[PDB]
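These notes concern the structure reproduced below.
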Amino acid sequence: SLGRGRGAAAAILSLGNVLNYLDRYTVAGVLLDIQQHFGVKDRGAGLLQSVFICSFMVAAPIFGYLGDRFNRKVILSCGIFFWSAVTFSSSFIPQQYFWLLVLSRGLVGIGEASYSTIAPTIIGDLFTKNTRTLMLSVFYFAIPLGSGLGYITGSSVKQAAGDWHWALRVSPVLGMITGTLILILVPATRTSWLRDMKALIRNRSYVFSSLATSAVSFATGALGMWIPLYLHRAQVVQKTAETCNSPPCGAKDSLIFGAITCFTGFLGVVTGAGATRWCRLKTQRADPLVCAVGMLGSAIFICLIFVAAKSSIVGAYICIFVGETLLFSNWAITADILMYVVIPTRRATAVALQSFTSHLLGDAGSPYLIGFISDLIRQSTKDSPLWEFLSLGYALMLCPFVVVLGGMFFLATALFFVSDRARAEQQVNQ
Ligand SMILES: CCCCCCCCCCc1ccc(-c2noc(CCCN)n2)cc1
């Protein structure tokens with residue numbers, strides 16, 4: 001009935017999503033200064049993101065529940081105000097205390113989980129059909145954009161202000177403004193869990209696809225959480241004796257990584273769509289096959305980046321470009337597979353299930369696992385920047401391995417995709 005209001009609501013929701021991801025990844029951008037100032041080792045650095053993801057995983061379903069039974073717009077505004085306040089207050093934590101930052105991360109994760117679980121429901125309720133899917137697409141466009149802007153803002157504010165605290169002191173004002181706008185312009189708005197559990201435990205292609213998504217989450221969490229620090233360590237190790245005065249400044253690598261991520265999000269989605277469209281003419285199980293090929297390519301390039309980074313950095317940058325492109329090529333394809341195999345009646349429930357699983361074996365403790373392994377290698381050898389480099393590299397060498405199992409699981413679901421799709425088709429429509 002009204003177009004301007006719906007358009008403004010979509011715009012403010014998309015801006016809120018951008019802000020959400022920016023606040024999510026600013027800490028990953030600025031972790032080096034935090035680690036240096038607080039005097040902690042890689043264990044706590046991983047623990048930050050691990051606690052964030054754990055809080056998000058725990059708090060998503062209850063927030064969704066409160067969303068469908070109670071009012072959504074007020075809950076959305078309360079959540080954005082909550083994580084904005086916690087983010088602003090986190091910058092004032094003194095050096096002598098560390099667990100304060102971790103609990104602040106947990107509260108921020110709670111707020112972001114509320115926002116992420118709530119907003120798609122209203123953004124899809126407002127519109128319908130082609131308009132709805134276009135609006136959902138422009139909504140989800142915020143992820144590769146949001147992560148990149150988070151890296152960019154963290155690095156830029158660190159470089160300009162000269163102290164890392166201000167990295168958390170530029171976003172909350174935008175958060176409060178976005179809360180006021182979402183309150184002003186936006187118009188106001190399970191069953192048989194046991195049976196769905198029992199039915200879905202027997203869907204083998206569903207299980208294999210969920211495991212593949214878990215492996216992808218593991219890889220992307222570890223990479224997007226640890227790569228800038230590894231690059232900085234490599235740069236300083238090269239600078240040990242290449243010039244003896246070359247700037248090892250960290251404000252030149254995080255920006256490049258952020259811009260690269262913004263590019264590869266869209267690039268990988270586009271190339272995955274093109275590849276699946278091309279390959280659907282040959283066979284019927286082309287989607288898991290192209291997912292598996294993308295996983296194999298990503299594993300290959302993630303293998304050679306950790307070797308190329310020893311000598312040349314531009315080689316590492318192009319390798320990571322190709323790696324994240326081929327890694328993100330399967331985003332929409334996984335959801336398409338899930339849409340195709342699962343019966344409509346439990347469909348939504350199934351989706352939620354996958355999220356839970358993808359947040360348990362994926363990025364729940366993956367950054368902490370990498371930190372733990374790097375620390376274990378550290379204590380067994382000497383302490384030196386060169387050994388910092390090799391220890392972090394050896395710890396991070398675990399990602400292509402799990403990517404290889406992800407590709408194998410996509411092959412496994414490829415074998416049974418046709419049979420499961422046929423069974424789903426026969427069951428529906430009677
Ligand atoms: C280092 C930067 C890492 C940045 C990635 C962080 C991922 C966290 C959230 C997980 C996630 C991702 C993508 C999608 C999705 N994309 O498209 C569609 C359907 C479109 C139909 N035409 N669904 C859903 C959920």
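Quick note on naming: the chains in the structure tokens go A, B, ... in the order shown, residues restart at 1 in each chain, and ligands are numbered from 1 in order of appearance.
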
Please extract the residues at most 7 Å from ligand 1, counting only C-alpha atoms and all ligand atoms, and provide them as a ChimeraX atom specification, using the chain letters and residue numbers of this document. /A:137,140,143-144,147,220,223-224,261,331-332,335

Among the residues of range 111-271 of chain A, find those DSSP assigns to alpha helix (DSSP H) from the backbone and print them as a count of residues only. 126

Just how far from CA of residue 124 in chain A is CA of residue 182 in chain A, in Å to one decimal?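 Those two atoms sit 16.0 Å apart.
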
What's the separation between CA of residue 89 in chain A and CA of residue 24 in chain A, in Å to one decimal place?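 Computing the Euclidean distance for CA of residue 89 in chain A and CA of residue 24 in chain A yields 15.3 Å.
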
Using only C-alpha atoms, which of A:47, A:241, A:286, A:40 sits nearest residue 415 in chain A?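 Nearest to residue 415 in chain A: A:286.
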
Applying 9 Å and only C-alpha atoms, which residues near residue 189 in chain A remain after dropping the ones on its own chain fewer than 2 positions away? List them as a PyMOL selection string. chain A and resi 71-73+122+125-126+187

Let's have the selection written as a short mmCIF file (atom, residue, chain, number, x, y, z; two decimals), in the first residue's frame, with C-alpha atoms.
```cif
data_model
loop_
_atom_site.label_atom_id
_atom_site.label_comp_id
_atom_site.auth_asym_id
_atom_site.auth_seq_id
_atom_site.Cartn_x
_atom_site.Cartn_y
_atom_site.Cartn_z
CA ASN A 71 6.66 -7.82 18.99
CA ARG A 72 9.70 -7.65 16.72
CA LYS A 73 10.45 -3.97 16.06
CA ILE A 122 10.15 -8.72 8.74
CA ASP A 125 7.06 -10.26 5.42
CA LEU A 126 6.98 -6.72 4.00
CA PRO A 187 6.22 -0.03 10.40
#
```

Pick from A:66, A:352, A:119, A:322, whichever lies nearest to residue 271 in chain A using only C-alpha atoms: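 Looking only at the distances to residue 271 in chain A, the closest residue turns out to be A:322.
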
Can you list, as JSON, numbers by chain, every protein, DNA or RNA residue that comes within 10 Å of residue 64 in chain A when you count only C-alpha atoms, leaving out same-chain residues fewer than 5 positions away? {"A": [59, 69, 70, 72, 113, 114, 115, 116, 117, 118, 119, 121, 352]}

Here is a test: counting only C-alpha atoms, which residue of A:386, A:314, A:76, A:145 is nearest to residue 239 in chain A?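 Closest to residue 239 in chain A, using only C-alpha atoms: A:386.
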
From the options A:316, A:342, A:2, A:13, which residue's atoms come nearest to residue 423 in chain A, counting only C-alpha atoms?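 Among A:316, A:342, A:2, A:13, it is A:342 that comes nearest to residue 423 in chain A.
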
Find the residues around residue 397 in chain A up to 9 Å (only C-alpha atoms counted), leave out those fewer than 4 positions away in its own chain, and share them as an NGL selection string. :A and (302-303 or 306 or 392-393 or 401)

Identify which of the residues A:400, A:368, A:157, A:428 lies closest to residue 43 in chain A, counting only C-alpha atoms when measuring atom-to-atom distances. A:368

For CA of residue 5 in chain A and CA of residue 185 in chain A, determine how far apart the two atoms are, in Å to one decimal place.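 Result for CA of residue 5 in chain A versus CA of residue 185 in chain A: 6.8 Å, one decimal.
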
Taking only C-alpha atoms into account, which of A:99, A:81, A:230, A:56 comes nearest residue 387 in chain A?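 The closest residue to residue 387 in chain A is A:230.
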
Near-residue 262 in chain A list (12 Å; only C-alpha atoms; drop same-chain fewer than 3 positions) as a tab-separated table (two decimals) with N, CA and C atoms, in the first residue's frame:
```tsv
chain	number	residue	atom	x	y	z
A	141	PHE	N	23.57	-8.78	0.80
A	141	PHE	CA	24.74	-8.12	0.23
A	141	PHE	C	25.60	-7.46	1.29
A	142	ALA	N	25.09	-7.28	2.51
A	142	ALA	CA	25.83	-6.57	3.55
A	142	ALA	C	26.97	-7.39	4.12
A	143	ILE	N	26.96	-8.71	3.97
A	143	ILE	CA	27.95	-9.57	4.63
A	143	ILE	C	29.35	-9.31	4.06
A	144	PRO	N	29.61	-9.56	2.76
A	144	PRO	CA	30.96	-9.29	2.25
A	144	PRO	C	31.30	-7.82	2.30
A	145	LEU	N	30.30	-6.95	2.24
A	145	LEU	CA	30.53	-5.52	2.41
A	145	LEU	C	30.81	-5.18	3.87
A	146	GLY	N	30.04	-5.78	4.78
A	146	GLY	CA	30.19	-5.45	6.19
A	146	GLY	C	31.52	-5.88	6.77
A	147	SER	N	31.98	-7.09	6.43
A	147	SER	CA	33.26	-7.55	6.94
A	147	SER	C	34.40	-6.66	6.44
A	148	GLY	N	34.36	-6.31	5.16
A	148	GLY	CA	35.38	-5.44	4.61
A	148	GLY	C	35.39	-4.08	5.26
A	149	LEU	N	34.22	-3.46	5.42
A	149	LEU	CA	34.18	-2.17	6.10
A	149	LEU	C	34.61	-2.28	7.55
A	150	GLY	N	34.36	-3.42	8.20
A	150	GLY	CA	34.85	-3.58	9.56
A	150	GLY	C	36.37	-3.57	9.62
A	151	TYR	N	37.01	-4.34	8.74
A	151	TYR	CA	38.47	-4.31	8.67
A	151	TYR	C	38.96	-2.90	8.38
A	152	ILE	N	38.33	-2.23	7.41
A	152	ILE	CA	38.78	-0.92	6.96
A	152	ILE	C	38.67	0.10	8.09
A	255	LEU	N	43.75	-3.29	5.44
A	255	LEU	CA	42.96	-2.63	4.40
A	255	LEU	C	42.90	-3.48	3.13
A	256	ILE	N	44.05	-4.03	2.72
A	256	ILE	CA	44.08	-4.86	1.52
A	256	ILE	C	43.22	-6.10	1.72
A	257	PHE	N	43.32	-6.73	2.89
A	257	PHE	CA	42.51	-7.91	3.16
A	257	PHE	C	41.02	-7.58	3.14
A	258	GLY	N	40.64	-6.44	3.72
A	258	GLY	CA	39.23	-6.06	3.70
A	258	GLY	C	38.71	-5.84	2.30
A	259	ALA	N	39.47	-5.09	1.49
A	259	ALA	CA	39.05	-4.86	0.11
A	259	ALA	C	38.96	-6.17	-0.67
A	265	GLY	N	33.61	-11.89	-2.01
A	265	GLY	CA	32.25	-12.30	-1.70
A	265	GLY	C	31.37	-12.38	-2.94
A	266	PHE	N	31.20	-11.22	-3.59
A	266	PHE	CA	30.40	-11.14	-4.81
A	266	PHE	C	31.00	-12.00	-5.91
A	267	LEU	N	32.33	-11.98	-6.07
A	267	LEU	CA	32.95	-12.72	-7.16
A	267	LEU	C	32.69	-14.22	-7.03
A	268	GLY	N	32.85	-14.76	-5.82
A	268	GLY	CA	32.61	-16.18	-5.62
A	268	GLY	C	31.15	-16.55	-5.79
A	269	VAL	N	30.23	-15.71	-5.29
A	269	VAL	CA	28.82	-16.02	-5.50
A	269	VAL	C	28.50	-16.04	-6.99
A	321	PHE	N	42.99	-14.36	-2.68
A	321	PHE	CA	41.89	-13.95	-3.54
A	321	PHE	C	41.20	-15.17	-4.14
A	324	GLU	N	39.46	-17.53	-1.23
A	324	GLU	CA	38.15	-17.13	-0.74
A	324	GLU	C	37.11	-17.11	-1.85
A	325	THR	N	37.49	-16.80	-3.10
A	325	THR	CA	36.51	-16.89	-4.18
A	325	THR	C	35.96	-18.31	-4.30
A	328	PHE	N	33.81	-19.30	-1.17
A	328	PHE	CA	32.48	-18.70	-1.09
A	328	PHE	C	31.60	-19.06	-2.28
```

For residue 385 in chain A, work out the shell of residues within 12 Å, counting only C-alpha atoms and skipping chain neighbours fewer than 2 positions away, then give it as a PyMOL selection string. chain A and resi 230+232-240+378+381-383+387-392

For C-alpha atoms, I'd like the residues from the last selection saved as a PDB file, in the first residue's frame.
```
ATOM      1  CA  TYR A 230      49.832 -14.036  10.257  1.00  0.00           C
ATOM      2  CA  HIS A 232      51.907  -9.050   9.867  1.00  0.00           C
ATOM      3  CA  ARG A 233      54.212 -11.670  11.390  1.00  0.00           C
ATOM      4  CA  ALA A 234      55.375 -12.686   7.913  1.00  0.00           C
ATOM      5  CA  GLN A 235      56.025  -9.045   7.030  1.00  0.00           C
ATOM      6  CA  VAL A 236      58.080  -8.421  10.168  1.00  0.00           C
ATOM      7  CA  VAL A 237      60.050 -11.644   9.634  1.00  0.00           C
ATOM      8  CA  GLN A 238      60.883 -10.572   6.083  1.00  0.00           C
ATOM      9  CA  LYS A 239      61.770  -7.114   7.424  1.00  0.00           C
ATOM     10  CA  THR A 240      64.178  -8.676   9.952  1.00  0.00           C
ATOM     11  CA  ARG A 378      55.507 -22.145  20.661  1.00  0.00           C
ATOM     12  CA  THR A 381      60.651 -24.273  20.659  1.00  0.00           C
ATOM     13  CA  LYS A 382      62.383 -20.950  21.232  1.00  0.00           C
ATOM     14  CA  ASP A 383      60.654 -17.563  21.392  1.00  0.00           C
ATOM     15  CA  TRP A 387      59.497 -18.829  15.277  1.00  0.00           C
ATOM     16  CA  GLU A 388      56.325 -16.790  15.791  1.00  0.00           C
ATOM     17  CA  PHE A 389      55.922 -16.838  11.999  1.00  0.00           C
ATOM     18  CA  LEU A 390      56.540 -20.564  11.578  1.00  0.00           C
ATOM     19  CA  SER A 391      54.457 -21.496  14.634  1.00  0.00           C
ATOM     20  CA  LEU A 392      51.417 -19.560  13.416  1.00  0.00           C
TER      21      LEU A 392
END
```
